[PDB]
Amino acid sequence: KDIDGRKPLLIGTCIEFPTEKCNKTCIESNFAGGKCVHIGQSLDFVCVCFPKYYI
């Protein structure tokens, strides 16, 4: 897998899209799924997907 895949996609805040939905939403988006993580020190959870077919 020589795919760099370095373009995460934010859909919403983990508030509206918890861990379960977050990833599921990312799956249908054609991404390697997603998760809930904090930003720098904003302690704000967000749903971000990962590249999979980005060539």
# chains A, B, ... in the order shown; residues from 1 in each chain; ligands from 1
$ residues_around --residues "segment 5-17 of chain A" --least-positions-apart "2" --cutoff "7 Å" --atoms "only C-alpha atoms" --output "compact mmCIF listing (two decimals) with N, CA, C and O atoms, in the first residue's frame"
# COMPACT_ATOMS: atom_id res chain seq x y z
N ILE A 3 -0.16 4.09 -0.89
CA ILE A 3 -1.06 5.23 -0.81
C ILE A 3 -0.73 6.07 0.42
O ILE A 3 -0.77 5.58 1.55
N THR A 19 -18.90 7.69 18.53
CA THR A 19 -17.91 6.79 17.93
C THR A 19 -18.54 5.80 16.95
O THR A 19 -18.06 5.65 15.83
N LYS A 21 -21.52 5.80 15.23
CA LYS A 21 -22.00 6.46 14.02
C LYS A 21 -20.87 7.10 13.26
O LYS A 21 -20.80 7.02 12.04
N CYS A 22 -20.01 7.78 13.98
CA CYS A 22 -18.91 8.48 13.36
C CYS A 22 -18.23 7.63 12.30
O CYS A 22 -18.13 8.03 11.14
N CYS A 36 -13.45 9.46 17.12
CA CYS A 36 -13.59 10.70 17.87
C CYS A 36 -12.26 11.05 18.55
O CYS A 36 -11.78 10.29 19.39
N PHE A 45 -14.06 16.91 20.95
CA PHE A 45 -14.10 15.67 20.19
C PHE A 45 -14.78 15.90 18.85
O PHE A 45 -15.85 16.51 18.79
N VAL A 46 -14.16 15.40 17.79
CA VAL A 46 -14.72 15.56 16.45
C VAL A 46 -14.65 14.25 15.69
O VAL A 46 -13.77 13.42 15.93
N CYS A 47 -15.57 14.08 14.75
CA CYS A 47 -15.63 12.87 13.94
C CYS A 47 -14.87 13.10 12.64
O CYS A 47 -15.28 13.92 11.82
N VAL A 48 -13.76 12.38 12.47
CA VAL A 48 -12.95 12.53 11.26
C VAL A 48 -12.74 11.18 10.59
O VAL A 48 -12.49 10.18 11.26
N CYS A 49 -12.84 11.17 9.26
CA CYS A 49 -12.67 9.94 8.50
C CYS A 49 -11.24 9.87 7.96
O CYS A 49 -10.53 10.87 7.97
N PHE A 50 -10.83 8.68 7.51
CA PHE A 50 -9.47 8.49 6.99
C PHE A 50 -9.50 8.08 5.51
O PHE A 50 -10.41 7.36 5.07
N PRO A 51 -8.53 8.51 4.72
CA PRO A 51 -8.45 8.16 3.27
C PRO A 51 -8.27 6.66 3.04
O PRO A 51 -7.66 5.97 3.86
N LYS A 52 -8.79 6.17 1.92
CA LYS A 52 -8.68 4.75 1.58
C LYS A 52 -8.50 4.58 0.08
O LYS A 52 -7.68 3.77 -0.37
N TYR A 54 -7.86 7.25 -1.92
CA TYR A 54 -7.23 8.48 -2.37
C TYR A 54 -5.93 8.15 -3.10
O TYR A 54 -4.90 7.92 -2.48
$ residues_around --residues "residue 23 of chain A" --least-positions-apart "6" --cutoff "6 Å" --atoms "only C-alpha atoms" --output "PyMOL selection string"
chain A and resi 33-35
$ write_last_selection --atoms "N, CA and C atoms" --output "CSV table (one decimal), in the first residue's frame"
chain,number,residue,atom,x,y,z
A,33,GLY,N,-13.1,4.6,7.5
A,33,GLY,CA,-13.8,4.8,8.7
A,33,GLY,C,-13.3,6.0,9.4
A,34,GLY,N,-13.8,6.3,10.6
A,34,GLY,CA,-13.4,7.4,11.4
A,34,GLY,C,-13.5,7.2,12.9
A,35,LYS,N,-13.2,8.2,13.7
A,35,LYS,CA,-13.2,8.1,15.1
A,35,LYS,C,-13.4,9.4,15.8
$ select_by_dssp --residues "chain A" --states "helix (DSSP H, G or I)" --output "list in words"
residues 19, 20, 21, 22, 23, 24, 25, 26, 27 and 28 of chain A
$ atom_distance --atom1 "atom CA of residue 31 of chain A" --atom2 "atom CA of residue 53 of chain A"
7.3 Å
$ decode --residues "chain A" --atoms "C-alpha atoms" --output "PDB file, in the first residue's frame"
ATOM      1  CA  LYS A   1       0.000   0.000   0.000  1.00  0.00           C
ATOM      2  CA  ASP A   2       1.956   2.982  -1.334  1.00  0.00           C
ATOM      3  CA  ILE A   3      -1.056   5.230  -0.811  1.00  0.00           C
ATOM      4  CA  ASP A   4      -0.080   8.243   1.285  1.00  0.00           C
ATOM      5  CA  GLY A   5      -3.679   8.862   2.332  1.00  0.00           C
ATOM      6  CA  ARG A   6      -3.174  11.999   4.410  1.00  0.00           C
ATOM      7  CA  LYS A   7      -6.459  13.943   3.972  1.00  0.00           C
ATOM      8  CA  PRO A   8      -8.815  13.356   6.955  1.00  0.00           C
ATOM      9  CA  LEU A   9     -12.467  14.381   6.445  1.00  0.00           C
ATOM     10  CA  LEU A  10     -14.414  16.017   9.295  1.00  0.00           C
ATOM     11  CA  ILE A  11     -18.191  15.496   9.117  1.00  0.00           C
ATOM     12  CA  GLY A  12     -19.447  16.656  12.486  1.00  0.00           C
ATOM     13  CA  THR A  13     -18.758  16.866  16.182  1.00  0.00           C
ATOM     14  CA  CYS A  14     -18.565  13.614  18.112  1.00  0.00           C
ATOM     15  CA  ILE A  15     -21.555  15.159  19.901  1.00  0.00           C
ATOM     16  CA  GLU A  16     -23.873  14.607  16.968  1.00  0.00           C
ATOM     17  CA  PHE A  17     -21.924  11.625  15.606  1.00  0.00           C
ATOM     18  CA  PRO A  18     -20.624   9.413  18.492  1.00  0.00           C
ATOM     19  CA  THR A  19     -17.911   6.787  17.935  1.00  0.00           C
ATOM     20  CA  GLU A  20     -20.264   4.144  16.504  1.00  0.00           C
ATOM     21  CA  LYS A  21     -22.001   6.456  14.021  1.00  0.00           C
ATOM     22  CA  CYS A  22     -18.914   8.482  13.361  1.00  0.00           C
ATOM     23  CA  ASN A  23     -17.059   5.576  11.806  1.00  0.00           C
ATOM     24  CA  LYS A  24     -20.150   4.089  10.161  1.00  0.00           C
ATOM     25  CA  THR A  25     -20.688   7.450   8.537  1.00  0.00           C
ATOM     26  CA  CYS A  26     -17.076   7.470   7.430  1.00  0.00           C
ATOM     27  CA  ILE A  27     -17.450   3.951   6.013  1.00  0.00           C
ATOM     28  CA  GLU A  28     -20.252   4.906   3.685  1.00  0.00           C
ATOM     29  CA  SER A  29     -18.265   7.999   2.709  1.00  0.00           C
ATOM     30  CA  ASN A  30     -15.858   5.515   1.149  1.00  0.00           C
ATOM     31  CA  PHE A  31     -13.233   6.243   3.817  1.00  0.00           C
ATOM     32  CA  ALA A  32     -11.236   3.893   6.049  1.00  0.00           C
ATOM     33  CA  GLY A  33     -13.793   4.761   8.730  1.00  0.00           C
ATOM     34  CA  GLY A  34     -13.426   7.445  11.403  1.00  0.00           C
ATOM     35  CA  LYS A  35     -13.199   8.078  15.140  1.00  0.00           C
ATOM     36  CA  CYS A  36     -13.587  10.703  17.873  1.00  0.00           C
ATOM     37  CA  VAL A  37     -10.405  12.620  18.767  1.00  0.00           C
ATOM     38  CA  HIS A  38      -9.459  15.918  20.414  1.00  0.00           C
ATOM     39  CA  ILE A  39      -7.766  18.850  18.666  1.00  0.00           C
ATOM     40  CA  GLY A  40      -4.482  20.212  20.017  1.00  0.00           C
ATOM     41  CA  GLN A  41      -5.721  21.274  23.466  1.00  0.00           C
ATOM     42  CA  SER A  42      -9.311  22.261  22.644  1.00  0.00           C
ATOM     43  CA  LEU A  43     -10.425  19.039  24.254  1.00  0.00           C
ATOM     44  CA  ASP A  44     -13.155  19.088  21.564  1.00  0.00           C
ATOM     45  CA  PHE A  45     -14.096  15.668  20.188  1.00  0.00           C
ATOM     46  CA  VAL A  46     -14.719  15.559  16.452  1.00  0.00           C
ATOM     47  CA  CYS A  47     -15.627  12.875  13.940  1.00  0.00           C
ATOM     48  CA  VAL A  48     -12.953  12.533  11.259  1.00  0.00           C
ATOM     49  CA  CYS A  49     -12.667   9.941   8.503  1.00  0.00           C
ATOM     50  CA  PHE A  50      -9.474   8.486   6.987  1.00  0.00           C
ATOM     51  CA  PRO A  51      -8.453   8.165   3.270  1.00  0.00           C
ATOM     52  CA  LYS A  52      -8.684   4.747   1.583  1.00  0.00           C
ATOM     53  CA  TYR A  53      -9.224   5.253  -2.161  1.00  0.00           C
ATOM     54  CA  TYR A  54      -7.225   8.476  -2.372  1.00  0.00           C
ATOM     55  CA  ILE A  55      -4.823   7.814  -5.251  1.00  0.00           C
TER      56      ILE A  55
END
